[PDB]
Structure formats: structure tokens, C-alpha cells
Amino acid sequence: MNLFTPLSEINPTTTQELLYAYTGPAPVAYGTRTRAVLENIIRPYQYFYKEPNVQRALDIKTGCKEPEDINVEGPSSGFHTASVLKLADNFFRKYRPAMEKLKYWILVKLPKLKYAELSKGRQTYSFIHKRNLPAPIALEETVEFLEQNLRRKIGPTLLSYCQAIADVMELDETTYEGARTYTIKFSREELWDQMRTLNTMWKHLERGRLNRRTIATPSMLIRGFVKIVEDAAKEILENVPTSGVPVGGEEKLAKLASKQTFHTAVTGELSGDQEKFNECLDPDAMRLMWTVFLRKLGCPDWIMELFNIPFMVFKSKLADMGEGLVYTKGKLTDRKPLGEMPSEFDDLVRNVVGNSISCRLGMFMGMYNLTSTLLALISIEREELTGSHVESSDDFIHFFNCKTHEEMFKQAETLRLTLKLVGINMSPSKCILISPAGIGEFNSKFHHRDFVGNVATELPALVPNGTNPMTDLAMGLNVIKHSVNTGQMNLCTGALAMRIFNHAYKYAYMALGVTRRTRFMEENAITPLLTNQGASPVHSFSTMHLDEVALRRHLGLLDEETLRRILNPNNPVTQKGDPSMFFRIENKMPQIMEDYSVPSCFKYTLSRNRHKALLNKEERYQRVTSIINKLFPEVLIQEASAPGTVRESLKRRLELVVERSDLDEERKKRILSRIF
Amino acid sequence: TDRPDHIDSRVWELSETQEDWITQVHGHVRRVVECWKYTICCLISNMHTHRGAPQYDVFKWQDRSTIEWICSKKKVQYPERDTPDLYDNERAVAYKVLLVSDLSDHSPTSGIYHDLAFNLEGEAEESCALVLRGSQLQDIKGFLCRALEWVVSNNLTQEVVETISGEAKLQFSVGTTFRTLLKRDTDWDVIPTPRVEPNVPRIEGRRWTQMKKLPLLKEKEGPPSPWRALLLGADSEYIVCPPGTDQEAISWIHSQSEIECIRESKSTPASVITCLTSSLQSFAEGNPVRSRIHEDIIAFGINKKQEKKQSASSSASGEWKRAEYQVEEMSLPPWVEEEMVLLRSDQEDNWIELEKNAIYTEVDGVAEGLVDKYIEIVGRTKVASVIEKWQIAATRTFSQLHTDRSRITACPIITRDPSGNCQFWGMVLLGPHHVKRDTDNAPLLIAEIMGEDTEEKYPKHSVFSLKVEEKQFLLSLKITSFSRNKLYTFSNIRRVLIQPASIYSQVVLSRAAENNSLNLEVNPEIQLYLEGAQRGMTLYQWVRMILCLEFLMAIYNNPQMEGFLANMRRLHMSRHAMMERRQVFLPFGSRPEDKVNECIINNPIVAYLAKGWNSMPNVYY
RNA sequence: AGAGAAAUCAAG
RNA sequence: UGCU
RNA sequence: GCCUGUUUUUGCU
RNA sequence: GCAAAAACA
């Protein structure tokens, strides 16, 4: 490590890039997640009391603890109710513009939120198939479930979706009918359990940690509810100085620099992490903070109930245990459930619900990053704390401007205690304070005189993407360009990355050495003329943003005769399977439908080489969307608002298109005759 | 903002404080409807005069004091609950603007004021139509039609209809049994109402100490770590084959090869040399994929799972217990320093042949000159040749993956010097790989040329003696299984050159910027703690050994390395602060070294970095 | 065997 | 069956 | 196998 | 809007 600590030319902050083993393999998880899941379940109960008493903590519903019960020498699970109330009141009294924006979002933006925003998620636990499915599939099957159990249509808004979710909870028996045909039954208790179930699963390819961690995913019955509170929290956090989570990239760096003002006699800079986050935060604290925010805003009761649903559902969460703890007799390996034979998690047997285990304390999952940020920020607002604080989720940086060292130490301890009041524990081994400010870290961004560039955080993106030569070259060069713009890579590193990417990109498409492609080009006398074909690079450091074909045409490296062939919109290589519609600006017929191909012959598609009914349903939706887009050019620019159902709307639109086609009347009649 | 386009800005800002819109159902739509009513009131009194005074007096959105003052002057009184929107001087009677969904079957609402009812399409009821003039009717109809177009554009028809009707749902509600389900795991109801008075209590905390001395990393005790990597590293060599294709080189090697075992390891039986010889013979013919033989089972561990499970079942005795997995601790091997020293040895070739980018501007020339300087100062080095070997081997092993083969594939590792001669580093044998995931292992038989043999460094290698053209070489021939993801990652190992290039470029460009002139030939002196003492050392050799250490770190990347490097950044920052006469203060139970020491188990380069940290000073004055 | 690290691959 |  | 949030790059509808 | 990739928490 002595080679990474220069003393003369550059400082170790600039060499922090060297403390990265990237371009080496990323660690993976192999076996059962049961031990990790059970450890995350048991940790909140171990931290509620100063002396770990798990058995006495499992009977606690709301984790609220007296100020004398708050552990100061270790992690503390739970919150102080009076502290939460007073700190939320203080945070509301200050930052009034943020609360005005919250009221604006509630009145205006919230009613316009659509439940189709839930489709943006990744793999989602499905309460119907008991598996992990893509968010569109789970959303659509949940919508069908609500429609066929409530015997009504669900409105496009997210409020209607949440109301339908709440209404289904009132039924005694619910059923799901879906094509394979098959029918599944849900009681109120069964569907409640599926609502409050989080599907646990390993986190693979994660760098920077010795021990593998477990990630979880909720069902669509609660993702919608979490969406409202997350959007409201984002709206509040965008308008408060002390937040750092909703901003990112260069804007986050600018916000950090706006607070790096060290003018007093003693100017510290505390940068640290919060230990055991996502499991020392009781959801009831977030409930109380949101309730205070809505009360002081004059909001009605229904919005309060809506905001309080998700945190109660997470108070009743059911974490999915893995496929069993590993047991061995000799050199055997057997996987057994929690309660079969004694282990270190015997105290949690009473919480077992089938293959899932309950946990009333903590969050167990980062589903409330913005709300946890708000909970952290409300505790900052108090008279003793006069410094500048930035908190994203559990990574924070604090700047002190104090007259004396003792005052700074008192402020730092007050910061620690006020964080502990709401269930947030500073990691003692990860929090470091520098008494003269100027050196710090936040979100792995180290600054000494300015935020130094961090090479090797851009190396994993330097591999060709693998779509097609044009897209791969374009996006690789633009990633390098963004790295150069942000200051991560300078002239030399940028050019070297360009050369390495170009060499790997030419290798990946059989453009180096003697390959089948090169042999075919050689025996048929086909000069490359393109980077992916083995020609010399046309792109330079200053021309990263320029397209290859246009630059080659401008420089004369690609003659017009070959351009007439490469950019043919009728080439068989990229020909589409169906005709497409085209605009015609200032023409008698403004829309023409004809067969089309992607202009570039090198934008081909690589064959991938290997809930089915729902996929056919997606295909039907795609067909309907395609015909709607063809017949309604204006929904491509603005939202769809035509009245009636799809069939009648497109029927009248097709008619009106016909009477403006400028043909003979009888020809229009014969065209209309065959319309279904 | 939230103002609809058809709503005038003055009307919108006047409506802000008229009603508490947050508590009303569809507060935004309610405000829009009230703005519609006020605009209709404005349009009715469209600059009409009577006896030198406005014909209509508008009561809507006016302070109650003025309303009572002017109503008293007009000998009219109205109750607080309902007040007419406007008053007409002609045909003296109070009027109120009403919006209704249906114009038919409508009756007057109150006997104290008249109703000017309108529908959402801009039409007016008969008495309202006859009271007002045609111009007022047209203005009101046009404004209401613009409002209707705004409504249908924003898909707010249902909300507007419900608002106009007068009654609407709370837009969200929680039933009874759902509330009971929700309140199961909490001590508060849906909208919590704790009885405790808000307060921030004072809690006795602790005192923040000071990191007067830098932490000391724990050095583990145990046997020295063996070389646990895919390939040999600095002990890699090659045979200079005559120019030709891969098939010619393999034929030339095999036809003149004399293999004799000189050191056999129990991990890799010496009998699997026949696998390599058969693979070489098959590749020399033009058929890289060959059929299985008897010793392929031993070489690639074919079916080992069944015999292992049968032995486990036969030897199964006792009582079931928990797993309690353990990781053996190992000390820093002596060969890490030797690897670092030998990796810096100069070569006769450049070993980094990257095609230059185009040059159009002067900035392009500067960048390419910097890249060329870096390449020439790190190219002629053993580490560059080892990186090239790793690249070739990883890519040629990864390209024959992705299929379900029951046969044996041979993957030669051959490079070519800038004279046409082939350089045979070794050969990778890929066995039966029924691979389905990205983490499942694929059996391999890594055979490659070794420069020097060491029992403690390579305990699992069976070293052979290779006799080709009156020359003596060594052969490693280790049995390993290696995953798809790691092979893909090592297929792009050439990216490791960026970080030492980053250091070199930052030094050169900082020197250029301070004196406001580029040099491109600066080789300054870097002060470092080499043997516990600060001594000067040139930039070029510093970049060379930075590249060597970065490469050695990349091929030995594991969870231990990841955690160690993640947790040494705090200590690196603390040391950089301490070298600038800055004090470092810590919380009560702050031991930043524990989260590093937990990651120091058996990784030789983690131990090397830990020893490098320990050697250099920990107290700064 | 081996890869590997808090338990998986090395077949069904 | 050929990336310095 | 492949969560949540923020930011970034590219391509296609 | 969708899809792919990357970084951070």
C-alpha cells in the first residue's frame, strides 16, 4: 500500500482510484439465503434493548422506547415517539417552501399519477404464480385480478388502483381466472399474507463487501401504495438543502460544494455511514413523521390513511425464508427449515408462517430510501445543530463551523444522539471527523481541493454492449465522452480507453487477424471502409460525439457509391417483418404505409438462440398499440383522449381518413364495405 | 404551473385563498370550477354601464365587509350561507351562476336570488337565456367550450362531472376488515394519535476521542498462501515457434516434444498428461474437439459428484448439526515480492500494440502523444506480456463456451512477435461443460510453460519437462474448474492499464498546468516509503510497479479483496488528512481497523497490501 | 480431485 | 482453428 | 437467478 | 414510452 501513498507530486486522494480491484471478477452468492434472511430478521430484535433479549422483543408491535432505553454504545432499534413528533414539527416549521411543494403535489400531481408507472419496475414477486415475474406481467395480472373480483373497470390513475386494492381486501373469497383454464383460490387471510410477503433472494455481482447480502422484492399489492409515499418524499426532498438523495451526478457535486464553506476558527468535516440501516428503522416512525407533515399541512383524513397503508403493511411483513438452513451429520449436506432442529435462530420459530417469517421491527429492505432520508433529516432540525448536513439514505456528510473544539465535539455528539432518537445509528468504525475541514467523502466521492476524478468506476462500462456494431461503437464512445466531461478521465486516459475499446470492439466482430469474416472479405476483394470491418479508426478524441458514417463521408474515407449501399432503406439485412407508416409533410395523403428497413446494413439483429398466455396477451396488446399508432398519429405526441372504446374509435377514425382520401365516392364505398 | 391555460392569471391568483382546496374532494378541479364561475361572472358584466355605473355588481370572491356595505346601500340583505354571485341594476334581482350537468328538469334553488344555470357545453337555460344578451351568451359559451376542450384533453371528464354534480366519493377510503388486518402488528390506529407531548429529551452521550496514531492491520499466521490464480503470472514463458498459423505451431511443438514428469502433485495426477498429448495431436490435425478417453474422467473430474455423495452416505454417522463453515487463514507468502520484482523486468518487444486513434486537432495530438508515452514506458515489461497471455487465454477459452459439449476442446495460447514467429505460452483444455448459469464452474486442464518451479508456490501443479529443439522448458498442467463470469471478466483484462495511465496522466498534466506549458517528457521524482523511509523515485518506474500491483490485484479479486479495498479508503483518507497536520476524531466505539481485519484471511495480495500499510509510518508530526 | 468461501459447481 |  | 431509489450513456418505437 | 448497459447508496 506504500506504492499508493505519494508524498511529493500528487496526494493520496488522487490515488484513491488505485484502491479498486475492478476489471477483476465480482463476487457471487452460491447457496442458501436462509442464514442471511434469518440474520436480518433477528438483528432488529437484538438491538431493541441495551442487553440483547430476543425473547422479550418478539412480542412488541410498535417499537417505541424511552430515552433511557436508547443504546448509545451500540445499534438501537426503535424510536422515541415524542422526539419524532417534535422533530417532525421542527422540520415542518422550517423549509416551508418544501411543504408548499408537497401541497402542490398532493393537489395537482397526485391525482394525475397513473398506475402504469408501476410497470417501470424490475422483477416483481407475483402473489398468483408465487414466483418473480417482470413488472409489466405482474401489474397486468394484478389489474385483471382486481377487475374480475370487483366486477368493474380500474381507472388509469394510481388512486383508483389503490382503492381497488383496498376494496378487494374487504372480500371474503377472491378468485383468479387466467388462460394457460386454471383457477386459484384466495381467502382474506391468504390474500393478506400474499400482500405482506417479500420474496427474498441473493444479490449477485456486488462489489465492495466481504459478506453477501440478501435483497427482497414486494408484490404488486403494495408497490402501488409505496409509489405515492415515495413520490411525495421525492417532492419534499427536492426542495430541502439537507437532502442529497434526489440529486445526482454533477448536481450533487454542486450541492456539496455549496456547503463546503469553512470560515470559522474550528471548521470540521464529518463523513460517515449509518450502521444496520434498513433494520433499525421502525415503519411506525415514518408513519408518525408523515402524519405530522399532513396534519400541519391541513390535509384531510383519506390522504393520511393512504400514506399510512404501506408502512403498516411493512409492519406486518412476511419475509420469505430461503430453501432451508444447511445441516450436516458427517460430510453430508442437507437443507432443513428453521423449526425442524435447533439452531442459532430457534427464538424466531414462533414467527414462521409457512415458508415465510414475520418481523415487526425494521424495514428489511430499501423500499423507503426517500422516506428514510426524510426521517434522518427531521432529526437534524434542532437548536444545538448549526452545521450543514447532507444525507442520501445512510451515507451522510456533515460540515461544522464552531468557535471551539469542545463546541464541535458537543455538536457531533448531539448529531449522533438525535440520529439515534429516530432509530438511526452512526457506524462508529465508519464515521471519521477531520477537525480542519477540507478532506471528506460522500457516496464514494473524495474531495481535497475539488472532487477528484475516480477512474475504475468507468471501466466496467468499457466492454462492447453486444447489440450491433453501430450501436456498440456509438454508446461506447459516448460513455467515454461522458467520463471525460465529468472529469473522471482526462485526455490520455480518454484516448487510451478509446483505443482499448476499439481493439476489443474490432475483436468481438471478427475484424482482427485471420477469421472467417476477414477471409471472406479478402477472397472477395471487399475493402473494409468501416471500423467494425477492420478499417483504421476514424474517430478521434475530439470526434467521440461524431457518427462514424457521417464523419467518414465528410473526410472522403467512404465514397458515395458505397454510401448508396450501406444506407439503403430496403436492404434485406435489416428488413422489418411488417409494413410501417410514414408521415408526408404537406401532401394530399399525409400518411403512407410501406415496407421499411433500418437504413444501416450493420444494424442487424443477433439471434438470441433460445405465464405463456400472458405473453400472447402482450403480443395482442402490441398489435392493438401498433394499429392505434398507425391510425392516430396525434397520440404519438400527446396522451390519448379519444372517447369510446378502441373498436369504435378506430372505426370512426378509419372512416374519416377514407372520406379525406381524395378518391372516387364509390371507391370509398367499396373500401368501407369490408371494414369489420 | 398548475394554472389551466384558459384560466386568466389574475383569476387564478385571486382564487388561491378563497377556499381551502386541500380538504375538498378534487381540490384542483374544485378550484378550476370556481374559476370558471368567476370568469362567467366577469363575462356577464362585460363593461356594461347604467346611469353612469356598472350594470352588474359582482359579489363573488369579495370581502364580506364590502359585500354587506354595498348590499345595505342597495336595500338588500342575504344570509352568510348562500350569497348571490352578482346583482343586476336593471330588473333588480340577485343572480347566482350555476353549472349543471343537465339543463332540463331544473328548478330554482333559492327564493332570494335567481339562478343563471349553464351546462358544460356552454348552453344556458331558458330564463337565463332571455335575461342575458346574445353577446354574453356567446362569450360564456365560448369560454365554457374552451374549458371543455381543456377537460377532454386532460381526461378529467369524470372528475369535472362529479364536481359539478355536487357529491363525490372521498377519492380513497379504508373499510372495516382491512383496517382490522392493518392494525394487527402495530400499537397505533391508521392515523396514529399518540397522547405524549412532543419533546426532545436530553440523553447522556459519550466523548469523541482522537486518532492520534494510525491503526495497525492484523497480520494472519499460517502456512504461506499458494499461487491461486487461473494462470502462472510472472513465471510465464513461451516457446518461439516458426511463423505460421496455430495448427502449424501446434504440429511443430507436438512433433518435436519430449515430455517427462519431474514433479508430481496429488492434486493433479501425472497420468493426465495423455489428455494434453491427445489434444495436441488432435489440434495438429485440424480437429480441435476430440472424444473422451479413460483419463479424461480424472483430468476433468467427470461424474465426481456421484462417488463423492456415495462416499458421504456410506461414511454418514452421528447426529445432524449446523454447517459452521471455516476458511483457513494463511500468511503472506515470500513469492509476492518476487512476483512484483520479476513482473517489472524489461522485455525486447512492446507487447502493447493498440492501433492509434485518428488525429485531427492539436488536442488529439496531445492525447495521442500522452498515450504513446505511457505505452512506451509500460509496454516493454513482463507484466504487459503476462496481460497479453491472460487476454488471449481467457478469450479463447470463453469463445468455445456457451454450448453443451460432452467432448474435449483444446484452446491454444499463442502470441506472435513483430517478426512473424509464434509464441506458445500454453494450452487450455475445456472438458465436458453442461453449463447453464453464469457462476457454475467449467472443468479445465491448464497446461502452460513455466519459468521456475517452486513447491510451496505451486503445490497443486504437476511440473513436466519439455524438450524441444535442444532446449529445456517446463509445463504446469494444473486441473482447475472456472466459471463463465470470471472467464468473461478476464477476457477484458486489458482495461487494467487505465489506472496507472491515470496516475501518469494526472502527474504530467498537473506539471503542464502549473507552469502553463506542456512538456510530455517529464520524469519527476516521487517521494514514497519504500523500506519504511521516504526516498525519491522516478515517475516511470512508479507507474510500472503500479501497473504490476494493479494486475496482481485484478487476478486475485475476491470478496476479501473487495472488502479490504472498500474499507481501506477511510484509512487512506485519514492518513492523507494526518499528513497535512489535520487531527482525526472518532466516535465512542470507533475501531476502523476491524472492518479491514475481517477481510484479511488468506489472500496473498491483501496481506501484501496490509504489510505495505504497516511498514510505512503511522504517526505524523 | 479441483474451483471456491460462511455454501454451491464438478450431470440427468 | 490467428486481438500483442 | 438478476430488489428499491438517484444519476448517466445508447438504441428502437 | 420501451429496451440494454454503468456508477452510487
Side-chain angles (χ1 to χ4, degrees), chain A residues 29-32 35 121-124 132 199 201-205 211-212 215-218 226 230 234 245-249 251-252 326 333 365-370 392-395 443-445 457-458 460-461 463 465-467 470-472 474-476 478-479 481-482 486 503-504 506-507 512-515 598 603 629, chain B residues 245-247 266-269 283 286 288 298 300-306 308 323-327 349-354 384-385 388 391-392 395 412 414-418 432 434 437-443 460 478-483 494 558-560 601:
Chain A
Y30 291 100
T32 59
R35 202 224 73 247
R122 319 297 317 161
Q123 298 274 316
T124 302
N132 276 333
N199 201 3
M201 65 182 179
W202 281 116
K203 177 68 189 69
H204 296 293
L205 296 205
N211 302 131
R212 313 278 77 72
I215 54 173
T217 181
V226 178
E230 287 300 83
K234 185 176 180 180
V245 57
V247 292
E251 186 180 7
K252 186 179 56 206
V326 180
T333 46
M365 182 179 72
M367 205 78 197
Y368 299 108
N369 293 326
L370 310 179
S392 292
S393 180
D394 48 323
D395 190 27
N443 293 343
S444 294
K445 299 297 291 182
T457 56
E458 294 294 328
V463 173
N465 210 46
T467 313
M470 326 306 309
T471 303
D472 294 5
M475 65 179 288
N478 289 284
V479 167
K481 177 167 67 83
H482 182 254
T486 44
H503 206 268
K506 290 174 73 174
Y507 167 74
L512 310 172
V514 177
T515 68
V598 181
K603 290 183 181 180
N629 282 330
Chain B
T245 187
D246 282 352
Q247 188 273 331
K266 300 289 94 175
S267 305
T268 307
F283 197 91
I298 301 299
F300 306 98
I302 297 170
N303 280 327
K304 190 76 54 172
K305 183 184 286 186
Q306 293 82 17
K308 291 202 59 174
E324 184 178 1
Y325 288 110
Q326 63 84 30
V327 186
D349 308 338
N350 199 256
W351 287 104
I352 302 178
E353 294 294 328
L354 290 169
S385 54
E388 186 56 39
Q391 188 93 33
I392 301 299
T395 59
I414 312 170
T415 58
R416 300 192 170 82
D417 61 347
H434 199 149
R437 280 312 180 181
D438 270 352
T439 75
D440 46 0
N441 291 332
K460 295 182 177 68
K478 185 186 194 303
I479 289 170
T480 57
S481 57
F482 210 82
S483 79
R494 196 177 281 138
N558 48 35
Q560 318 181 22
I601 304 167

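These numbers come from the heavy atoms of this one structure, side chains and all, not from hydrogens, waters or symmetry mates. A note on names: the letters A, B, ... follow the listed sequences, proteins ahead of strands, and every chain is numbered from 1.
For C:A5, the sign convention on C1'-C2'-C3'-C4' gives a south pucker, since the angle is negative. North is the pucker class for the sugar of F:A6, given a positive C1'-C2'-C3'-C4' value.
A salt bridge does not link B:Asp349 to B:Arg416: none of the charged side-chain nitrogens sits closer than 4.0 Å to a carboxylate oxygen.
Along RNA chain C, the nucleotide nearest B:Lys460 and the nucleotide nearest A:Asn211 are compared for position; the residue whose nucleotide lies closer to the 5' end is B:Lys460. Mapped onto RNA chain D by nearest heavy atom, B:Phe283 and B:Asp417 fall at different nucleotides, with B:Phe283 at the one closer to the 5' end. When the nearest nucleotides of RNA chain D are assigned to B:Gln247 and B:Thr415 by heavy-atom distance, the more 5′-ward of the two goes with B:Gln247. Take the nearest nucleotide of RNA chain C for B:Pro443 and for B:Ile479: the residue whose nucleotide is more 5' is B:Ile479.
With distances taken from any side-chain atom of B:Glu388 to the nucleotides D:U4, F:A9, E:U4, the minimum falls on D:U4. Of the candidates C:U8, D:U1, F:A9, the closest approach to any side-chain atom of A:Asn443 belongs to F:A9. Of the candidates C:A5, F:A9, E:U8, C:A5 carries the atom nearest the B:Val327 side chain, counting heavy atoms from C-beta on. The listed nucleotides are F:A9, E:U4, C:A3; the one nearest the side chain of A:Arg122 is E:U4. For A:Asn478, whose side chain is taken as the heavy atoms from C-beta onward, the closest listed nucleotide among F:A9, E:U9, D:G2 is E:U9. Ranking D:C3, C:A10, E:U9 by closeness to the B:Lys304 side chain, first place goes to C:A10. Checked against C:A11, E:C3, F:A6, the side chain of A:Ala461 finds its nearest nucleotide in F:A6. Distance from the side chain of A:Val326 is smallest to C:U8 among E:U8, E:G5, C:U8.
Of the side-chain N and O atoms in B:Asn441, none sit less than 4.0 angstrom from OP1 or OP2 of C:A10. At least one side-chain nitrogen or oxygen of A:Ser444 sits closer than 4.0 Å to the OP1 or OP2 atom of F:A9. Close to E:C12, at under 4.0 Å from its OP1 or OP2, lies a side-chain N or O of A:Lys603. Within the 4.0 Å cut-off from OP1 or OP2 of C:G12, at least one side-chain nitrogen or oxygen of B:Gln306 is found. OP1 and OP2 of C:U8 both lie 4.0 Å or more from every side-chain N or O belonging to A:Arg35. Within the structure, a side-chain polar atom (N or O) of B:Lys305 is placed less than 4.0 Å from OP1 or OP2 of C:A10. Using a 4.0 Å cut-off, no side-chain N or O of B:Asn350 falls inside it from OP1 or OP2 of D:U4. At the phosphate of C:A3, OP1 or OP2 sits under 4.0 Å from a side-chain N or O atom of B:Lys478. Phosphate proximity of E:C2 to A:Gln123: present, with a side-chain N or O under 4.0 Å from OP1 or OP2.
Heavy atoms of A:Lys481 sit nowhere under 4.0 angstrom from any nucleic acid atom. Within 4.0 Å of B:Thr395, counting heavy atoms only, lies at least one base atom of the nucleic acid. B:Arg416 comes within 4.0 angstrom of a base, heavy atoms only. At a threshold of 4.0 angstrom between heavy atoms, the contacts of A:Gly121 are confined to the sugar-phosphate backbone, with no base atom among them. Residue contacts for A:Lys252: at a heavy-atom cut-off of 4.0 Å it reaches no nucleic acid atom on any strand shown. As judged by a 4.0 angstrom heavy-atom cut-off over every strand, B:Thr439 is placed among the base-contacting residues. Note on A:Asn629: nothing from the nucleic acid sits closer than 4.0 angstrom, heavy atoms only. B:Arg437 comes within 4.0 angstrom of a nucleotide base, judged by non-hydrogen atoms across all strands. The residue B:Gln326 sits close to a base: some heavy atom pair falls under 4.0 Å. Within the 4.0 angstrom heavy-atom criterion, only backbone atoms of the sugar-phosphate kind lie near A:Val247; the bases stay farther away. Residue B:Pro418 is in base contact, counting any heavy-atom pair closer than 4.0 Å across all strands shown. Residue B:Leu354 is out of contact with every strand shown, counting any heavy-atom pair closer than 4.0 Å. At the heavy-atom level, A:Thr32 lies under 4.0 Å from the strands shown only through sugar-phosphate atoms. Using a 4.0 Å heavy-atom distance criterion, B:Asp349 is classed as a base contact.
Across every strand in view, F:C2 sits in a pair with E:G11 that passes the Watson-Crick or G-U test at under 3.5 angstrom. Pair check for F:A9 finds E:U4; Watson-Crick or G-U wobble, both atom distances under 3.5 Å.
Atom-to-atom, CD1 of A:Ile215 to P of E:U4 comes out at 9 Å; the value is rounded to the nearest Å. The distance between atom CZ of B:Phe482 and atom P of C:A10, rounded to the nearest whole Å, is 17 Å. In this entry the distance linking CG of B:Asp440 with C1' of C:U8 reads 10 Å, nearest Å.
Other residues, nucleotides and ligands place more than 12 heavy atoms under 6.0 Å from the CD atom of B:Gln306.
For a distance-only test at 3.5 Å, the side chain of B:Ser267 fails to qualify as a donor-acceptor partner of the base of C:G2. You won't find any donor-acceptor pair under 3.5 Å spanning the side chain of A:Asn465 and the base of E:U10, going by distance alone. Remark: the A:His204 side chain and the E:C2 base include no donor-acceptor N/O pair separated by less than 3.5 Å.
Paired with A:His482 under the rule side chain to side chain contact (heavy atoms under 4.5 Å, CB included), one option of A:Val479, A:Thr486, A:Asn478 passes, and it is A:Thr486.
In this structure, the separation between CD1 on B:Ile479 and NZ on B:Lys460 is 12.0 Å, given to the nearest 0.5 Å. To the nearest 0.5 Å, the span separating NZ on A:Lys603 from CE on A:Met470 amounts to 7.0 Å. Between the OG1 atom of B:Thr439 and the NE2 atom of A:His204 there is a distance of 7.0 Å, given to the nearest 0.5 Å. Atom CH2 of B:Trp351 is separated from atom CG of B:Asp417 by 7.5 Å, given to the nearest 0.5 angstrom.
Between E:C3 and F:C8, the two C1' atoms lie 16 Å apart (nearest whole Å). The separation of E:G1 from C:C9, taken at their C1' atoms, amounts to 15 Å, rounded to a whole angstrom.
Here A:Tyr30 does not lie in a stacked arrangement on the base of C:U8, lacking the combination of planes under 30° and ring centres under 5.5 Å apart.
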